[PDB]
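Undergrad: can't give you the sequence, but here's the structure:
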Ligand SMILES: *[C@@H]1O[C@H](CO)[C@@H](O[C@@H]2O[C@H](CO)[C@@H](O[C@@H]3O[C@H](CO)[C@@H](O)[C@H](O[C@H]4O[C@H](CO)[C@@H](O)[C@H](O)[C@@H]4O)[C@@H]3O)[C@H](O)[C@H]2NC(C)=O)[C@H](O)[C@H]1NC(C)=O
Ligand SMILES: *[C@@H]1O[C@H](CO)[C@@H](O[C@@H]2O[C@H](CO)[C@@H](O[C@@H]3O[C@H](CO)[C@@H](O)[C@H](O[C@H]4O[C@H](CO)[C@@H](O)[C@H](O)[C@@H]4O)[C@@H]3O)[C@H](O)[C@H]2NC(C)=O)[C@H](O)[C@H]1NC(C)=O
Ligand SMILES: *[C@@H]1O[C@H](CO)[C@@H](O[C@@H]2O[C@H](CO)[C@@H](O)[C@H](O)[C@H]2NC(C)=O)[C@H](O)[C@H]1NC(C)=O
Ligand SMILES: *[C@@H]1O[C@H](CO)[C@@H](O[C@@H]2O[C@H](CO)[C@@H](O)[C@H](O)[C@H]2NC(C)=O)[C@H](O)[C@H]1NC(C)=O
Ligand SMILES: *[C@@H]1O[C@H](CO)[C@@H](O[C@@H]2O[C@H](CO)[C@@H](O)[C@H](O)[C@H]2NC(C)=O)[C@H](O)[C@H]1NC(C)=O
Ligand SMILES: *[C@@H]1O[C@H](CO)[C@@H](O[C@@H]2O[C@H](CO)[C@@H](O)[C@H](O)[C@H]2NC(C)=O)[C@H](O)[C@H]1NC(C)=O
Ligand SMILES: *[C@@H]1O[C@H](CO)[C@@H](O[C@@H]2O[C@H](CO)[C@@H](O)[C@H](O)[C@H]2NC(C)=O)[C@H](O)[C@H]1NC(C)=O
Ligand SMILES: *[C@@H]1O[C@H](CO)[C@@H](O[C@@H]2O[C@H](CO)[C@@H](O)[C@H](O)[C@H]2NC(C)=O)[C@H](O)[C@H]1NC(C)=O
Ligand SMILES: *[C@@H]1O[C@H](CO)[C@@H](O[C@@H]2O[C@H](CO)[C@@H](O)[C@H](O)[C@H]2NC(C)=O)[C@H](O)[C@H]1NC(C)=O
Ligand SMILES: *[C@@H]1O[C@H](CO)[C@@H](O)[C@H](O)[C@H]1NC(C)=O
Ligand SMILES: *[C@@H]1O[C@H](CO)[C@@H](O)[C@H](O)[C@H]1NC(C)=O
Ligand SMILES: *[C@@H]1O[C@H](CO)[C@@H](O)[C@H](O)[C@H]1NC(C)=O
Ligand SMILES: *[C@@H]1O[C@H](CO)[C@@H](O)[C@H](O)[C@H]1NC(C)=O
Ligand SMILES: *[C@@H]1O[C@H](CO)[C@@H](O)[C@H](O)[C@H]1NC(C)=O
Ligand SMILES: *[C@@H]1O[C@H](CO)[C@@H](O)[C@H](O)[C@H]1NC(C)=O
Ligand SMILES: *[C@@H]1O[C@H](CO)[C@@H](O)[C@H](O)[C@H]1NC(C)=O
Ligand SMILES: *[C@@H]1O[C@H](CO)[C@@H](O)[C@H](O)[C@H]1NC(C)=O
Ligand SMILES: *[C@@H]1O[C@H](CO)[C@@H](O)[C@H](O)[C@H]1NC(C)=O
Ligand SMILES: *[C@@H]1O[C@H](CO)[C@@H](O)[C@H](O)[C@H]1NC(C)=O
Ligand SMILES: *[C@@H]1O[C@H](CO)[C@@H](O)[C@H](O)[C@H]1NC(C)=O
Ligand SMILES: *[C@@H]1O[C@H](CO)[C@@H](O)[C@H](O)[C@H]1NC(C)=O
Ligand SMILES: *[C@@H]1O[C@H](CO)[C@@H](O)[C@H](O)[C@H]1NC(C)=O
Ligand SMILES: *[C@@H]1O[C@H](CO)[C@@H](O)[C@H](O)[C@H]1NC(C)=O
Ligand SMILES: *[C@@H]1O[C@H](CO)[C@@H](O)[C@H](O)[C@H]1NC(C)=O
Ligand SMILES: *[C@@H]1O[C@H](CO)[C@@H](O)[C@H](O)[C@H]1NC(C)=O
Ligand SMILES: *[C@@H]1O[C@H](CO)[C@@H](O)[C@H](O)[C@H]1NC(C)=O
Ligand SMILES: *[C@@H]1O[C@H](CO)[C@@H](O)[C@H](O)[C@H]1NC(C)=O
Ligand SMILES: *[C@@H]1O[C@H](CO)[C@@H](O)[C@H](O)[C@H]1NC(C)=O
Ligand SMILES: *[C@@H]1O[C@H](CO)[C@@H](O)[C@H](O)[C@H]1NC(C)=O
Ligand SMILES: *[C@@H]1O[C@H](CO)[C@@H](O)[C@H](O)[C@H]1NC(C)=O
Ligand SMILES: *[C@@H]1O[C@H](CO)[C@@H](O)[C@H](O)[C@H]1NC(C)=O
């Protein structure tokens, strides 16, 4: 009566280790990743359903620890700048500036070690205001002198995002859901199977989500709990909004030897006038896109609810501004110029600041020093979504953001990992 | 005629790699150890015998190298104290002391590096006499300045023992012998099989064996060779002897920054009077326990042999005193108050010293600095056995000890690792 | 791929009586069935969407319900303005994941 | 249909795709060490399934029939209903809690027939 | 009796526990890397035993009978004595030094019967 | 002759050395980590070949015969020529580009005969 079958098409939810596939020694060691399967076959599954939960998806946790581990490994074999944490003697940069840049740059002189242990040299460099702390012309310290070590990033290792594909080991499969009305949880009927996902760009940002995937059928609004004001709301656009960012100053760079075999890259002088860094967003596009978000957002509050976007909530720059990583520079842009409307029933210019000393993972640990880059940086990118948080007829939303194990969460919401279980039994009418 | 059988219950002696199972980032990385099998099944083997040799047991060698490797890995990502090896200017601590502590603590001032490379600060701290060496008030060096590097142990990593279970890989099995009269070598008939052993606490000590397993049927005395005076004798009690140890002084601690992101923990001042560290053992319990050891020890010498325990043999503290690791402090206690009797036909107080610079594995290599601990330490522990060495009617025994690849040897004596060999053949009366 | 069959063909009733029209599918289209009314010479008017919701401009005599693979359109009473055929439209594509108005079954008065 | 193409299909019909699923079960930086973990895991899982089929006397077959009787208490259904009106995912849930019973019976029943070859 | 429960038992009686032992043969810090060593070793040993059974024509069986004659010089004993009055540990010691002879004979004798299927 | 001793020999004659080659297929410093790579690779390759033989119904045999017809378009030669006047290296080159055809036919033809046991 008992017949044993092998190769039965069933599975259980499971957690396993995923490995990557992809495609000059960049920050994510993509040359160490296996080659992709070109033209992989996607297999649609007819007459199946499955349940998903993007807020409990362990693929997010692996992407989180993979990116952090890679960041730290890549910065490990790089020159330390410990000898640079000295008393600095600084004055203001005033010779060729606009008023908006007055006080933004400082000219600092200091006594630094030469390759010979017994000799010192007088050198100077420029620093941005945000990296320099006054002690009492005036004496200064770098911002991390009493908190952590500063390591200079290696100049040969780039940071631009490179798509990384996550692949399951044999015996496991990835279920991708196509239901275009899926809100992040529960039954999601249009399921297909892939062995390895498409590439995801490991972009790190706050408030605005850049260079991600787009929605199609509608703007999607997803949250763990809509009525819980302690949770974030992820909004995915079905159209991109284009932005253009610039340095715009023409920078120079010089090397200082600080010991045998090691050098520090100092910001040199500036060619031409000094102007403030900034980002432009097309105004009409932003105006229309925001209206689409509101129409859809109202479905969870009522047709008589007024939606206001107020302003940024306040706090440290890392959580109040738009953290933008581009061209090898770290930008902190003022988004109050975007989120300024109330909804009832040209270009926008966002002034932006630059920092060289970066605490990338919002932790106390080794800080990275971004070496200066010569020439002029020009960045073009797509806003694919945004993060909102919510504070009796008017609801208030704010950019919020700042959370890690987010952003990537908007790319991995479509996937679940399952374990294949080939054996099973059933009754029939045979005997040996 | 030839029949081949698979799954035949036979084995050969073998050596393989064992892995652990167990159960806050402690020194043995127990969070990296796999979970245990709850309520594991022990299987008694009827009508078998096996031979064991605890002196040739390779499980001891693996425990030895696992503990050392873990110790070194755990202390690796910790602040180095190299900048502390400076000329110290010291005076005696005299303000609130008893006579027994006169000269035990010194008050040392020194010129140490601040987070800025170009600034120095005058700081002071207290040190124990045993960690400070006079050069020529008076000038001093730390004990390891001309021998090794000093690394401060990380304050978040605890040292109390945590049971570790050793598990065999599939295809291997561990044979545990229950013969309660087993002397460490030869046939041991009461054999049972387990897949993984019970937990063993990685306690490091000398002279007295603390928090181990107990004997039952009798006090067991084991040695590689009883008549060889170059060998140690391990004595396992069938009852615990309780001891209570104390700091007893109320200590404070302060942090000194010694460079960006790094700090040294200095012993601060002392609240209340300064008294000598000490351990108490119940006297009656010690008196009775020692008599039991003698009765059994005599069986290997004769009923007309007198047994004397003399005193400690002399040498460096690490091999003459009771090395005791508890509360995060390192104690070196005087055991001459215990081993003081001759056997023919209240509490005991043992004065004890404290050191902060520890050469844990009796090797020249990196030394560990134990940071100060605030408040008052109180330790309670079980003496489960002891180590004796032996020097014409009187035999003399002394605490001896000091050997590594010992202590754990008293926990692993019960186990042997074997390899399962499922194939074999035999004649019968069948053909194809 | 898409199977939609309207079965109670050629049903009519006198004014004041009632009628019902029903459709079946070989694939579930839970809550994604739309009903239309087509009077001669006119484009179809949307009556009911998402199985049971009435479209704006639709009289209260129209109703309906269903789930899965079984759905019905009902008229609470004939008012002599029912001179139309009715159609079933599927608003869910099981292969693409999209929810657009692809595929009809129908033709019953 | 492709790998798991039959997952939503009738249990009977799905028996003809057993080859397709079986065919796809077997295979110091961040993206480096994970590949030893990925490969060791794939191998161990493959072998455990083969080991059970070997023990039960099903080596070399996608479909094997044995002499263990069906105990109706495991599922009070007829054959027409499970083979024609149910999928494998549904069936697996229905009798998942008897898996260990069936497996113990299947292995004992194999050894009982090996001793019977002592006579040939 | 449990795993190796029959180790001290009569060779004949112990044949009924072959399932029990077979069933238990298959599966960058200090306690980390040792697990790849533990798993790779378990897999290789399992597979080598299966490979030999495959080569000798014993695939899928705990007990297999072949046509190789017994050479009495390997052990001058009758069957009553080894099957009723001896354990497997004892037997293994007695003929351990002929293992390589038996295995060579067993594999050659299998290939010699594969060529005989050239006629079917 | 020894391992690969028959590599230059006639295809027919070489069939009697299949045992010899099969027998030898299965098994943090610079010379350290390479051994996990060496062992994992040896195991995966061994198992993939065994998996295919299992699927085609050839488990446990060095030589297995199946019911798939020979399509002469793959090689327009008679049997006398390939078995007596050719080596295996030469044969492998001649039909290397049909390997995937033969394998697909071999596996489908096995499942088609498993359903036929539904009647026993
Ligand atoms: C969102 O996606 C867009 C599109 O991919 C992305 O914009 C692109 O960024 C790259 C990298 O910053 C730009 O490439 C540079 O172009 C300049 C001008 O020709 C070159 O000089 C640069 O070469 C130097 O830097 C290299 C990297 O360190 C060195 O290897 C090289 O030797 C030189 O020193 C480099 O080629 C690219 O032009 C833009 N594309 C557009 C249309 O602007 C954007 O950055 C993404 N968003 C985010 C947040 O990353
Ligand atoms: C032999 O076994 C005994 C029994 O297990 C063992 O004695 C125990 O030692 C631990 C650790 O020293 C004691 O636990 C402490 O208790 C005090 C008082 O409440 C706490 O303040 C301590 O907390 C601090 O330290 C922790 C570890 O660094 C920190 O994580 C924490 O945040 C605090 O800073 C700690 O809980 C325990 O009380 C005793 N038990 C008894 C009965 O005394 C003995 O040490 C073992 N022998 C040897 C040689 O180890
Ligand atoms: C930062 O300060 C230095 C030192 O005063 C400036 O460099 C000097 O520039 C003058 C010309 O204006 C030269 O004659 C000197 O020889 C330069 N000195 C050195 C040491 O190079 C520098 O221009 C200032 N930078 C900015 C942005 O103001
Ligand atoms: C910004 O959005 C546009 C529009 O989707 C992207 O352009 C498309 O890129 C894909 C992939 O190469 C092409 O198949 C489409 O045909 C392009 N569409 C158009 C209208 O040109 C563009 O790549 C996005 N930018 C970034 C940085 O992601
Ligand atoms: C170690 O020496 C220091 C320095 O003399 C002592 O600290 C001083 O204590 C007096 C009070 O008795 C204060 O007025 C001073 O301001 C303290 N000086 C500093 C630098 O703190 C310290 O008490 C001595 N420690 C011991 C144990 O004797
Ligand atoms: C010191 O010895 C006592 C006596 O054996 C230990 O107390 C026993 O602990 C076990 C395990 O928890 C219990 O099952 C017994 O019932 C306890 N016996 C008594 C009389 O209470 C005690 O744990 C030992 N101390 C240390 C540090 O190991
Ligand atoms: C999904 O379910 C439908 C039934 O609701 C299946 O359709 C049947 O297919 C068989 C052939 O396998 C036909 O004989 C029946 O007449 C069909 N039923 C109907 C109502 O038309 C469909 O095959 C299933 N999909 C899959 C992949 O198995
Ligand atoms: C250990 O040896 C004894 C014999 O000394 C075994 O006892 C025999 O068991 C069989 C059944 O298996 C009985 O028929 C005999 O009559 C028993 N002999 C005697 C003298 O009573 C015992 O079974 C062996 N233990 C194991 C686990 O095999
Ligand atoms: C190499 O090729 C030669 C032929 O050129 C083989 O010699 C033949 O061997 C068979 C026996 O296997 C004899 O019956 C023939 O008569 C021999 N031919 C000649 C011309 O003498 C030789 O055996 C081949 N070597 C190997 C290893 O196969
Ligand atoms: C430099 O900047 C400070 C503000 O931080 C301002 O008070 C001071 O006047 C400036 N000095 C010069 C010369 O502009
Ligand atoms: C370098 O050291 C000298 C010491 O006399 C000091 O006068 C000078 O100001 C220091 N220069 C800088 C740039 O710190
Ligand atoms: C010094 O530490 C304080 C926090 O205690 C911090 O606010 C300040 O910015 C630090 N300054 C420097 C130069 O590290
Ligand atoms: C998603 O939709 C389901 C109904 O299909 C609902 O129960 C669930 O609460 C929704 N989730 C969120 C986050 O709104
Ligand atoms: C932003 O727009 C202004 C005109 O309002 C223009 O002068 C500036 O160059 C633009 N900046 C960028 C980065 O496009
Ligand atoms: C960005 O620059 C391109 C030219 O390179 C221009 O066509 C585009 O309109 C600019 N986008 C915005 C938002 O200004
Ligand atoms: C642009 O924003 C204003 C509010 O500032 C709003 O009234 C207007 O409708 C918006 N335009 C579009 C196209 O959404
Ligand atoms: C907008 O937010 C910024 C950052 O928190 C704050 O400095 C500014 O005063 C706010 N402006 C208004 C009008 O609330
Ligand atoms: C953004 O600009 C406004 C002026 O419109 C200013 O009041 C606000 O402080 C700026 N935000 C930040 C974070 O600097
Ligand atoms: C927001 O809009 C008001 C006009 O309604 C304007 O006065 C204010 O400056 C705007 N805020 C920002 C940050 O641009
Ligand atoms: C910066 O100035 C130098 C002057 O020699 C010029 O060659 C270079 O092209 C300029 N770079 C940019 C981006 O304007
Ligand atoms: C300090 O201790 C030494 C012994 O090492 C002793 O000779 C000296 O007199 C003591 N000094 C004081 C002030 O007690
Ligand atoms: C610090 O250095 C000065 C140099 O003049 C010396 O006089 C003083 O004694 C030193 N202090 C200490 C505590 O070593
Ligand atoms: C210096 O080395 C000798 C051994 O040559 C040792 O006895 C002494 O204690 C050491 N002193 C210091 C401060 O390291
Ligand atoms: C243990 O006992 C055996 C006798 O059973 C004896 O031969 C052996 O020497 C003893 N071992 C020791 C260390 O005394
Ligand atoms: C040891 O015993 C003495 C009494 O003789 C008592 O004063 C002391 O506190 C005890 N110490 C400990 C650690 O129990
Ligand atoms: C240790 O302290 C406990 C109280 O915590 C006491 O009951 C016990 O008798 C003491 N043991 C000894 C040996 O003094
Ligand atoms: C305690 O030790 C003395 C020797 O100092 C001995 O005579 C006495 O018998 C011992 N008591 C017990 C109970 O063993
Ligand atoms: C006891 O041993 C210690 C340490 O070796 C020694 O200093 C002391 O003098 C000895 N006492 C006697 C009485 O032998
Ligand atoms: C132990 O105490 C005695 C006094 O009874 C003393 O002579 C001996 O030197 C001390 N032992 C050690 C190691 O200090
Ligand atoms: C040993 O006992 C004698 C009395 O017989 C006593 O005088 C001596 O001080 C004791 N030794 C120790 C270390 O307590
Ligand atoms: C040490 O002294 C402080 C004085 O503020 C007191 O709060 C603390 O409880 C004391 N600790 C102990 C163990 O006596």
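TA: On my side now, so go ahead. Numbers count the residues shown, from 1 in each chain, chains lettered A, B, ... in the order given. Ligands and ions are numbered 1, 2, ... in the order given.

Undergrad: from here on, just use CA atoms for contacts and neighbour counts.
TA: OK.

Undergrad: for the residue most central in space within chain C, give its distance to ligand 16.
TA: With distances taken as Cα atoms, centre = their mean, residue C:35 lies nearest the centre of chain C, 2.9 Å away. Using Cα to the nearest ligand atom, to the nearest Å, residue C:35 is found at 33 Å from ligand 16.

Undergrad: double-check that that residue belongs to a helix.
TA: No: using DSSP: H, G, I helix; E, B strand; the rest coil, the secondary structure at residue C:35 is strand, not a helix.

Undergrad: bridging residues for it?
TA: Applying DSSP bridges to residue C:35 gives these bridge partners: residue C:48, residue C:88.

Undergrad: okay, now stretch A:307-326: how far is its last residue from its first?
TA: Start-to-end span of stretch A:307-326 (Cα to Cα, to the nearest Å) is 32 Å.

Undergrad: after the helix or strand where residue A:289 lies, which helix or strand is next?
TA: In the assignment (DSSP states H and E), residue A:289 maps to helix A:283-297. Going down the chain from helix A:283-297, the next helix or strand is strand A:306-308, by DSSP H and E.

Undergrad: quick one: list the elements packing against that next one.
TA: The contact analysis (3 or more Cα pairs under 8 Å, 6 or more residues apart in numbering or on different chains; DSSP states H and E) places strand A:306-308 against strand A:342-343, strand A:394-398.

Undergrad: ok, now how distant is residue A:290 from residue A:305?
TA: Look at residue A:290 and residue A:305: by Cα to Cα, they are 16 Å apart.

Undergrad: do residue A:54 as well
TA: Per Cα to Cα, residue A:54 is found 28 Å from residue A:305.

Undergrad: between these two, who's got more neighbours?
TA: Neighbour comparison, residue A:54 and residue A:305: the larger count goes to residue A:54, with 23 against 18 (by other Cα atoms under 10 Å in any protein chain shown).

Undergrad: now do the same for the residue nearest to residue C:78 when sequence neighbours are not counted: helix, strand or coil?
TA: Closest residue in space to residue C:78, ignoring its immediate chain neighbours: residue C:15 at 4.8 Å, by Cα to Cα, 6 or more residues apart in numbering or on different chains. Here residue C:15 is recorded as coil under three-state DSSP.

Undergrad: separation between the residue nearest to residue A:282 when sequence neighbours are not counted and residue A:287?
TA: Nearest residue to residue A:282 in three dimensions, chain neighbours excluded: residue A:347, at 4.7 Å (Cα to Cα, 6+ apart). Note on residue A:347: its distance to residue A:287, by Cα to Cα, is 11 Å.

Undergrad: cool, and residue A:376?
TA: Remark: distance between residue A:376 and residue A:287 (Cα to Cα) = 30 Å.

Undergrad: again with residue A:36
TA: Distance of residue A:36 to residue A:287, computed by Cα to Cα: 40 Å.

Undergrad: the two - which one has more neighbours?
TA: Set residue A:36 next to residue A:287 and count neighbours by other Cα under 10 Å: residue A:36 wins out with 18 against 12.

Undergrad: does that one touch residue A:21 like I think?
TA: Yes: taking contacts as Cα atoms under 8 Å, residue A:36 lies within contact range of residue A:21: 5.1 Å.

Undergrad: hey, what's in contact with both of the two?
TA: residue A:165 (Cα atoms under 8 Å, 6 or more residues apart in numbering or on different chains).

Undergrad: tell me where chain A has helices.
TA: Under the criterion DSSP state H, chain A contains helices at A:58-74, A:283-297, A:317-320.

Undergrad: no, scratch that, I was asking about chain D
TA: Ranges of helices within chain D are D:18-23, D:30-55, D:79-84, D:88-94, D:99-111, based on DSSP H.

Undergrad: show the contacting residues for the residue nearest to residue C:78.
TA: Counted by Cα under 8 Å, 6+ apart, residue C:15 has contacts C:77-80.

Undergrad: likewise residue A:263?
TA: Neighbour list for residue A:263: A:79, A:255-257 [criterion: Cα under 8 Å, 6+ apart].
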